[PDB]
Every structure is written in structure tokens, then in C-alpha cells.
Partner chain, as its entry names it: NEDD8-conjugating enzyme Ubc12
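Single chain ahead, written as C-alpha cells, the form solved without the partner chain.
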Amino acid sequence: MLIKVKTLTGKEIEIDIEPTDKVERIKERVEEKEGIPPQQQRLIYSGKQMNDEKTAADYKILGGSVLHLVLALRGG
């Protein structure tokens, strides 16, 4: 199922992943797309940060779901 991840800048990145594809898979897809580390990316959905342990299915993310991507890293 295709989806749409909104970048912190506002650009909508179109991708395709299965409900079984864990967040870690989605993140990796984003990196290969724009060119940024996934571990730093943050998938926000339903006002809840998607944990790498979870998966699209858990977030009932259907084809066309709008995922809010945000930056997240240590140091501060």
C-alpha cells in the first residue's frame, strides 16, 4: 500500500510499504529516498511516536495514510 510521508520542510514523499513492514523498514525507505539517517528520523502518527518495535499494521496505516516525519536525535 502506498503512503505519503510529510517532511519537516513540507515536501510530501511518496513511498510503498506493507502493513507488516515495521517502522524500521519505513525509516530506511525514507533515508534511501532523500539521503538522511533513519535512526534520526521520527514517524509521528495519531499523536504517538511510532516505535521501531511497532509496525504500520499496529497503526492501522492504510494506503494513503499521512505520516508526519520529524527530526529526532541525542546531543540535546
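Residue numbers count along the first chain shown, from 1.
Note that the form deposited with the partner chain bound isn't included here; everything after this is about it.
Taking non-hydrogen atoms only, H68 approaches the partner chain to within 4.5 angstroms in the bound PDB entry.
Although the partner is absent from this view, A72 contacts the partner chain in the bound PDB entry, with a non-hydrogen atom inside 4.5 angstroms. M1 falls outside the set of residues with a heavy atom inside 4.5 Å of the partner chain in the bound PDB entry.
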